[PDB]
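Working notes for the structure below.
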Amino acid sequence: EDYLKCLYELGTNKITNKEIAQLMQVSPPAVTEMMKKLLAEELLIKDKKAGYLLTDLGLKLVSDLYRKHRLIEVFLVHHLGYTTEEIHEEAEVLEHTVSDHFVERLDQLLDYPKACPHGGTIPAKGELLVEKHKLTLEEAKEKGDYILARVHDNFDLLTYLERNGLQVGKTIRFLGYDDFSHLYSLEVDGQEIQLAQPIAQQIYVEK
Amino acid sequence: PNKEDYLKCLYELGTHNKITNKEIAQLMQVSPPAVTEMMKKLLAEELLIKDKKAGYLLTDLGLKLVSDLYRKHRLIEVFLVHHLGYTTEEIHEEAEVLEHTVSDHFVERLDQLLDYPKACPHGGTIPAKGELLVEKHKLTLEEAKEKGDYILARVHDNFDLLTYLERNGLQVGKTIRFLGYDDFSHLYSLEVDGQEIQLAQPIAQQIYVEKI
Numbered sequence: 006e007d008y009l010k011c012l013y014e015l016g017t020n021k022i023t024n025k026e027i028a029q030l031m032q033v034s035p036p037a038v039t040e041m042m043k044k045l046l047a048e049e050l051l052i053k054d055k056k057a058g059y060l061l062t063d064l065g066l067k068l069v070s071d072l073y074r075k076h077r078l079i080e081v082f083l084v085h086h087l088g089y090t091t092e093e094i095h096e097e098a099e100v101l102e103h104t105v106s107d108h109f110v111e112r113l114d115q116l117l118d119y120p121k122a123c124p125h126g127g128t129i130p131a132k133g134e135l136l137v138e139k140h141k142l143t144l145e146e147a148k149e150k151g152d153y154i155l156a157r158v159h160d161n162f163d164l165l166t167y168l169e170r171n172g173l174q175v176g177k178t179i180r181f182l183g184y185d186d187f188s189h190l191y192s193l194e195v196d197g198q199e200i201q202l203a204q205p206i207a208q209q210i211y212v213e214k
Numbered sequence: 003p004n005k006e007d008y009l010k011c012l013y014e015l016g017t019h020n021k022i023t024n025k026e027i028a029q030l031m032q033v034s035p036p037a038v039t040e041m042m043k044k045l046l047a048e049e050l051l052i053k054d055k056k057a058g059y060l061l062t063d064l065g066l067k068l069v070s071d072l073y074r075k076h077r078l079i080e081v082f083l084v085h086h087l088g089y090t091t092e093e094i095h096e097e098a099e100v101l102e103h104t105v106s107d108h109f110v111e112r113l114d115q116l117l118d119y120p121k122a123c124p125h126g127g128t129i130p131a132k133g134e135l136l137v138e139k140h141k142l143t144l145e146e147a148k149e150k151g152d153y154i155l156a157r158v159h160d161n162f163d164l165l166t167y168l169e170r171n172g173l174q175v176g177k178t179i180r181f182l183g184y185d186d187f188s189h190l191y192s193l194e195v196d197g198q199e200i201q202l203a204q205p206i207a208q209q210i211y212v213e214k215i
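In order, the protein sequence lines correspond to chains A and B.
Just so we're aligned: the first sequence equals residues 6 to 17, 20 to 214 in the UniProt record's numbering.
Just so we're aligned: the second sequence equals residues 3 to 17, 19 to 215 in the UniProt record's numbering.
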């Protein structure tokens with residue numbers, strides 16, 4: 006129930024009973040106990056091509072957790088005026104406490120927003136998660152003017168990106184990839200920047 | 003039942020009779036040696052002292068801690084009701100788990116958002132950060148000498164009493180017709196919305212009113 010949240014996020020490749028290990032915090036054999044149950048619950052399946060795949064029951068169970076989280080962020084950020092460190096602290100304790108009733112009215116209150124503060128897509132209730140912004144930087148080939156339209160939810164990435172001046176809506180000029188280096192040259196606010204690859208595969212743009 | 007569920011009890015439980024190791028265990032539904040325990044912890048933490056007359060008095064710390072519990076509780080209620088249209092019954096369920104959870108930053112910001120409400124939906128006042136609680140409305144029906152007309156200004160959070168007041172058309176802000184205490188009936192007679200009501204004394208102790 007705690008793991009399925011990751012099985013979705015890595016769907017941006021191979022899976023093993025050993026990505027479960029150093030990645031989530033419980034042993035390889037102390038987690039192969041997870042999947043034994045899941046399969047018989049009907050949440051996931053074993054697909055050799057991609058490793059493991061969530062079912063429709065499993066994608067909808069998760070798509071809600073994403074909806075809860077995003078609305079909670081919108082409220083806390085837009086109206087209680089939090090900062091990305093405060094959402095690090097509080098946002099997940101109360102995300103795990105609030106009722107669905109809370110979230111449905113929270114929705115309504117916020118006039119049904121479509122996107123979370125920093126890019127993510129807010130799914131309707133009982134409906135799949137389909138990210139409106141999917142065009143990563145490490146996949147955008149064309150040099151030229153873009154816009155940072157979504158960032159992966161992560162904390163340190165965000166700490167990092169704020170520190171490097173990349174706000175999730177500002178405009179970005181993609182100078183280019185270096186074939187050997189592995190560095191994307193970016194133009195943002197008159198000044199130039201270099202981003203490793205893990206950091207460019209977790210950012211999404213639009214020309 | 004944590005130490006705050008006791009102080010809150012002890013707090014209003016002294017508005019002024021010698022509080023006993025008995026009433027405690029009885030009001031909090033626990034073992035007397037599980038009472039003897041807490042008090043030991045309440046004393047050790049300087050949240051109250053022992054007193055001959057009053058049972059226990061409350062230190063200014065204990066009073067400030069009691070204030071906070073009340074900001075939290077009352078701000079939460081205002082938000083759930085005024086912002087999320089919560090029903091008396093939904094609040095019964097959700098209200099308190101959210102209380103035993105949110106940070107104080109959530110609350111200091113919830114306040115700004117609510118625009119600094121001075122009263123919860125039930126009449127209770129909402130103290131400032133670090134101020135002691137001083138209810139606007141303290142005049143209970145039972146102490147209401149004169150008869151005649153009244154605003155029903157406050158009532159106790161208590162869920163059962165809340166269902167009762169609703170199942171009898173009594174609501175905060177409604178105007179109430181006090182017909183009078185009967186000396187032997189032991190009943191307060193009222194008139195609200197046109198229909199007459201007979202209130203016991205334990206239920207008239209909890210309504211608060213103000214002479215209109």
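Where is the CB? At the ideal position from N, CA and C, for every residue including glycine.
Asked	Found
CA nearest to the CA of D186/A, picked from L142/A, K148/A, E169/A and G172/A	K148/A
Chain-ordered neighbours of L116/A on chain B, where CB pairs are closer than 7 angstroms	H86 and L87
Beta-carbon proximity check, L68/B vs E49/B, cutoff 8 angstroms	no
CB of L46/A within 8 angstroms of CB of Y13/A, strictly	no
Residues that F162/A contacts on chain B, provided the C-beta gap is smaller than 9 angstroms	Chain B residues near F162/A: none, gap ~17 angstroms exceeds 9 angstroms.
Beta-carbon proximity check, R157/A vs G183/A, cutoff 8 angstroms	no
Classification of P205/A by the beta-carbon crowding that lies within 10 angstroms, buried from 16 upward	exposed
Simplified DSSP state of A122/B, which is helix, strand or coil	strand
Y8/A - DSSP class collapsed to helix/strand/coil	coil
Under the three-state DSSP convention, the category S70/A falls into	helix
Helix, strand or coil at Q201/B according to DSSP, with G and I counted as helix	strand
Straight-line Cα distance separating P120/B from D114/B	7 angstroms
Rounded separation between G176/A and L155/A - CA only	5 angstroms
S70/B, buried or exposed, once every other Cβ within 10 Å from all chains shown has been counted against 16	buried
Proximity to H95/A [Cα-Cα], best of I79/A, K214/A, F109/A and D107/A	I79/A
Straight-line Cα distance separating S106/B from residue 1/B	Chain B is shown from 3 up to 215; residue 1/B falls before or after that span and cannot be answered.
Of the listed residues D118/B, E93/B, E146/B and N4/B, nearest to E40/B (C-alpha basis)	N4/B
Reference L66/B, options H140/B, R180/B, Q29/B and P130/B, closest by Cα	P130/B
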